[PDB]
>>> print(open('entry_28.json').read())   # JSON, N, CA, C and O atoms
[["chain", "number", "residue", "atom", "x", "y", "z"],
["A", 387, "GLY", "N", -15.72, 1.05, -35.10],
["A", 387, "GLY", "CA", -14.55, 1.14, -34.19],
["A", 387, "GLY", "C", -14.93, 1.01, -32.73],
["A", 387, "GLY", "O", -15.64, 1.86, -32.19],
["A", 388, "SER", "N", -14.47, -0.06, -32.09],
["A", 388, "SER", "CA", -14.77, -0.31, -30.69],
["A", 388, "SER", "C", -14.11, 0.74, -29.80],
["A", 388, "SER", "O", -13.02, 1.23, -30.10],
["A", 389, "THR", "N", -14.77, 1.07, -28.69],
["A", 389, "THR", "CA", -14.25, 2.06, -27.76],
["A", 389, "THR", "C", -13.17, 1.46, -26.87],
["A", 389, "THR", "O", -13.03, 0.24, -26.78],
["A", 390, "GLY", "N", -12.41, 2.33, -26.21],
["A", 390, "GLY", "CA", -11.34, 1.88, -25.33],
["A", 390, "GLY", "C", -11.85, 1.46, -23.97],
["A", 390, "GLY", "O", -13.04, 1.57, -23.68],
["A", 391, "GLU", "N", -10.95, 0.97, -23.12],
["A", 391, "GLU", "CA", -11.30, 0.53, -21.77],
["A", 391, "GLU", "C", -10.25, 0.98, -20.77],
["A", 391, "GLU", "O", -9.05, 0.83, -21.00],
["A", 392, "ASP", "N", -10.71, 1.54, -19.65],
["A", 392, "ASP", "CA", -9.81, 2.02, -18.60],
["A", 392, "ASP", "C", -10.49, 1.97, -17.24],
["A", 392, "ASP", "O", -11.65, 1.58, -17.12],
["A", 393, "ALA", "N", -9.75, 2.37, -16.20],
["A", 393, "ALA", "CA", -10.28, 2.38, -14.84],
["A", 393, "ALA", "C", -9.61, 3.47, -14.00],
["A", 393, "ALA", "O", -8.48, 3.86, -14.27],
["A", 394, "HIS", "N", -10.34, 3.96, -13.00],
["A", 394, "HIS", "CA", -9.82, 5.00, -12.12],
["A", 394, "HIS", "C", -10.53, 4.98, -10.76],
["A", 394, "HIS", "O", -11.59, 4.37, -10.62],
["A", 395, "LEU", "N", -9.94, 5.65, -9.78],
["A", 395, "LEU", "CA", -10.50, 5.72, -8.43],
["A", 395, "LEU", "C", -11.14, 7.09, -8.18],
["A", 395, "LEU", "O", -10.47, 8.12, -8.29],
["A", 396, "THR", "N", -12.42, 7.08, -7.85],
["A", 396, "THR", "CA", -13.15, 8.32, -7.58],
["A", 396, "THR", "C", -12.68, 8.99, -6.29],
["A", 396, "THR", "O", -12.74, 10.21, -6.16],
["A", 397, "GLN", "N", -12.21, 8.18, -5.34],
["A", 397, "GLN", "CA", -11.73, 8.70, -4.06],
["A", 397, "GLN", "C", -10.32, 9.24, -4.19],
["A", 397, "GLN", "O", -9.50, 8.72, -4.95],
["A", 398, "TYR", "N", -10.02, 10.30, -3.44],
["A", 398, "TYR", "CA", -8.70, 10.93, -3.46],
["A", 398, "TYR", "C", -8.40, 11.62, -2.14],
["A", 398, "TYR", "O", -9.30, 11.91, -1.35],
["A", 399, "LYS", "N", -7.12, 11.88, -1.89],
["A", 399, "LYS", "CA", -6.69, 12.53, -0.66],
["A", 399, "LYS", "C", -7.11, 14.01, -0.66],
["A", 399, "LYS", "O", -6.71, 14.76, -1.55],
["A", 400, "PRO", "N", -7.93, 14.46, 0.33],
["A", 400, "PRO", "CA", -8.35, 15.86, 0.39],
["A", 400, "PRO", "C", -7.21, 16.76, 0.84],
["A", 400, "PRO", "O", -6.54, 16.47, 1.83],
["A", 401, "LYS", "N", -6.99, 17.85, 0.11],
["A", 401, "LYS", "CA", -5.93, 18.79, 0.44],
["A", 401, "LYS", "C", -6.51, 20.04, 1.10],
["A", 401, "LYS", "O", -7.05, 20.92, 0.42],
["A", 402, "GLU", "N", -6.40, 20.11, 2.42],
["A", 402, "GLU", "CA", -6.92, 21.24, 3.18],
["A", 402, "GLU", "C", -5.85, 22.33, 3.35],
["A", 402, "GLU", "O", -4.66, 22.02, 3.40],
["A", 403, "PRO", "N", -6.25, 23.62, 3.44],
["A", 403, "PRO", "CA", -5.29, 24.72, 3.60],
["A", 403, "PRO", "C", -4.56, 24.68, 4.94],
["A", 403, "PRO", "O", -3.45, 25.21, 5.07],
["A", 404, "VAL", "N", -5.18, 24.05, 5.94],
["A", 404, "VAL", "CA", -4.60, 23.94, 7.26],
["A", 404, "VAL", "C", -5.16, 22.70, 7.95],
["A", 404, "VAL", "O", -6.36, 22.42, 7.84],
["A", 405, "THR", "N", -4.31, 21.97, 8.66],
["A", 405, "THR", "CA", -4.74, 20.77, 9.36],
["A", 405, "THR", "C", -4.72, 20.99, 10.87],
["A", 405, "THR", "O", -3.72, 21.45, 11.42],
["A", 406, "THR", "N", -5.83, 20.68, 11.53],
["A", 406, "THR", "CA", -5.94, 20.84, 12.98],
["A", 406, "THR", "C", -4.93, 19.96, 13.71],
["A", 406, "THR", "O", -4.27, 20.40, 14.65],
["A", 407, "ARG", "N", -4.82, 18.71, 13.27],
["A", 407, "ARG", "CA", -3.89, 17.76, 13.87],
["A", 407, "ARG", "C", -2.44, 18.16, 13.57],
["A", 407, "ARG", "O", -2.09, 18.45, 12.43],
["A", 408, "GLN", "N", -1.61, 18.18, 14.61],
["A", 408, "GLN", "CA", -0.20, 18.54, 14.47],
["A", 408, "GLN", "C", 0.54, 17.55, 13.57],
["A", 408, "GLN", "O", 1.36, 17.94, 12.75],
["A", 409, "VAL", "N", 0.23, 16.27, 13.74],
["A", 409, "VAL", "CA", 0.87, 15.21, 12.95],
["A", 409, "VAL", "C", 2.38, 15.18, 13.20],
["A", 409, "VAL", "O", 3.18, 15.17, 12.26],
["A", 410, "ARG", "N", 2.76, 15.15, 14.47],
["A", 410, "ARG", "CA", 4.17, 15.13, 14.86],
["A", 410, "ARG", "C", 4.86, 13.87, 14.34],
["A", 410, "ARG", "O", 5.99, 13.91, 13.85],
["A", 411, "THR", "N", 4.17, 12.75, 14.47],
["A", 411, "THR", "CA", 4.69, 11.46, 14.03],
["A", 411, "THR", "C", 3.56, 10.52, 13.60],
["A", 411, "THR", "O", 2.43, 10.62, 14.10],
["A", 412, "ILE", "N", 3.86, 9.61, 12.68],
["A", 412, "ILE", "CA", 2.88, 8.65, 12.18],
["A", 412, "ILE", "C", 3.44, 7.23, 12.19],
["A", 412, "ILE", "O", 4.66, 7.04, 12.20],
["A", 413, "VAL", "N", 2.55, 6.24, 12.19],
["A", 413, "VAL", "CA", 2.95, 4.83, 12.20],
["A", 413, "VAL", "C", 2.18, 4.03, 11.16],
["A", 413, "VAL", "O", 1.10, 4.43, 10.72],
["A", 414, "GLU", "N", 2.74, 2.89, 10.76],
["A", 414, "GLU", "CA", 2.11, 2.03, 9.77],
["A", 414, "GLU", "C", 2.78, 0.66, 9.79],
["A", 414, "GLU", "O", 3.80, 0.45, 9.14],
["A", 415, "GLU", "N", 2.19, -0.26, 10.54],
["A", 415, "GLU", "CA", 2.73, -1.61, 10.65],
["A", 415, "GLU", "C", 1.62, -2.63, 10.92],
["A", 415, "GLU", "O", 0.76, -2.40, 11.77],
["A", 416, "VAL", "N", 1.66, -3.75, 10.20],
["A", 416, "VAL", "CA", 0.67, -4.81, 10.36],
["A", 416, "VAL", "C", 1.33, -6.17, 10.48],
["A", 416, "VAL", "O", 2.47, -6.36, 10.06],
["A", 417, "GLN", "N", 0.61, -7.13, 11.07],
["A", 417, "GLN", "CA", 1.12, -8.48, 11.25],
["A", 417, "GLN", "C", 1.39, -9.16, 9.91],
["A", 417, "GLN", "O", 2.38, -9.87, 9.75],
["A", 418, "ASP", "N", 0.49, -8.94, 8.97],
["A", 418, "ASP", "CA", 0.60, -9.52, 7.64],
["A", 418, "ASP", "C", 1.81, -8.97, 6.90],
["A", 418, "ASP", "O", 2.16, -7.79, 7.05],
["A", 419, "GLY", "N", 2.45, -9.82, 6.10],
["A", 419, "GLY", "CA", 3.63, -9.41, 5.35],
["A", 419, "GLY", "C", 4.85, -9.19, 6.23],
["A", 419, "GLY", "O", 5.74, -8.42, 5.86],
["A", 420, "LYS", "N", 4.89, -9.85, 7.38],
["A", 420, "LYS", "CA", 6.01, -9.72, 8.31],
["A", 420, "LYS", "C", 7.31, -10.21, 7.67],
["A", 420, "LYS", "O", 8.36, -9.58, 7.81],
["A", 421, "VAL", "N", 7.24, -11.35, 6.98],
["A", 421, "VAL", "CA", 8.41, -11.94, 6.32],
["A", 421, "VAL", "C", 9.46, -12.34, 7.35],
["A", 421, "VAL", "O", 10.45, -11.64, 7.56],
["A", 422, "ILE", "N", 9.24, -13.48, 8.01],
["A", 422, "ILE", "CA", 10.17, -13.98, 9.02],
["A", 422, "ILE", "C", 11.52, -14.32, 8.39],
["A", 422, "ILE", "O", 12.57, -13.95, 8.92],
["A", 423, "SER", "N", 11.49, -15.03, 7.26],
["A", 423, "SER", "CA", 12.71, -15.41, 6.56],
["A", 423, "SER", "C", 12.48, -15.52, 5.05],
["A", 423, "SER", "O", 13.35, -15.17, 4.26],
["A", 424, "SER", "N", 11.30, -16.00, 4.67],
["A", 424, "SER", "CA", 10.95, -16.16, 3.25],
["A", 424, "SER", "C", 11.91, -17.11, 2.54],
["A", 424, "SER", "O", 12.25, -16.90, 1.37],
["A", 425, "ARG", "N", 12.34, -18.15, 3.24],
["A", 425, "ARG", "CA", 13.27, -19.15, 2.68],
["A", 425, "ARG", "C", 12.63, -20.54, 2.65],
["A", 425, "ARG", "O", 13.08, -21.41, 1.90],
["A", 426, "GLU", "N", 11.59, -20.75, 3.46],
["A", 426, "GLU", "CA", 10.90, -22.03, 3.52],
["A", 426, "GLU", "C", 10.25, -22.37, 2.18],
["A", 426, "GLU", "O", 10.28, -23.53, 1.74],
["A", 427, "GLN", "N", 9.67, -21.37, 1.54],
["A", 427, "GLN", "CA", 9.01, -21.56, 0.26],
["A", 427, "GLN", "C", 10.03, -21.76, -0.86],
["A", 427, "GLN", "O", 11.12, -21.19, -0.83],
["A", 428, "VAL", "N", 9.67, -22.58, -1.85],
["A", 428, "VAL", "CA", 10.55, -22.87, -2.98],
["A", 428, "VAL", "C", 9.86, -22.48, -4.29],
["A", 428, "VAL", "O", 8.74, -22.90, -4.56],
["A", 429, "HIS", "N", 10.55, -21.68, -5.10],
["A", 429, "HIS", "CA", 10.01, -21.23, -6.39],
["A", 429, "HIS", "C", 11.05, -21.39, -7.50],
["A", 429, "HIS", "O", 12.25, -21.26, -7.26],
["A", 430, "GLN", "N", 10.58, -21.67, -8.71],
["A", 430, "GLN", "CA", 11.46, -21.85, -9.85],
["A", 430, "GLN", "C", 10.74, -21.51, -11.15],
["A", 430, "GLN", "O", 9.51, -21.52, -11.22],
["A", 431, "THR", "N", 11.51, -21.20, -12.19],
["A", 431, "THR", "CA", 10.95, -20.85, -13.49],
["A", 431, "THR", "C", 10.52, -22.10, -14.25],
["A", 431, "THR", "O", 10.90, -23.22, -13.91],
["A", 432, "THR", "N", 9.71, -21.90, -15.29],
["A", 432, "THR", "CA", 9.21, -23.01, -16.10],
["A", 432, "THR", "C", 10.34, -23.65, -16.92],
["A", 432, "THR", "O", 10.29, -24.85, -17.22],
["A", 433, "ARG", "N", 11.35, -22.86, -17.28],
["A", 433, "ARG", "CA", 12.48, -23.34, -18.07],
["A", 433, "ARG", "C", 12.03, -23.88, -19.42],
["A", 433, "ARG", "O", 10.90, -23.55, -19.84]]
>>> encode(input="entry_28.json", output="structure tokens")
Amino acid sequence: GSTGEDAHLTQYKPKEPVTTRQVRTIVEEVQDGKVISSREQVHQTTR
């Protein structure tokens, strides 16, 4: 009987009892994936 196969990430978000940083507000924006219109490209199914 062959063994199974899977994957996982060893890294994880550390949960501290108290954070020094106030973290009043956060941001997350990049140039990539801007999506100006996404109409120039043409896609269709194999049918």
>>> atom_distance(input="entry_28.json", atom1="atom N of residue 429 of chain A", atom2="atom CA of residue 416 of chain A")
24.9 Å
>>> atom_distance(input="entry_28.json", atom1="atom CA of residue 399 of chain A", atom2="atom CA of residue 419 of chain A")
25.0 Å
>>> atom_distance(input="entry_28.json", atom1="atom O of residue 401 of chain A", atom2="atom N of residue 414 of chain A")
23.0 Å
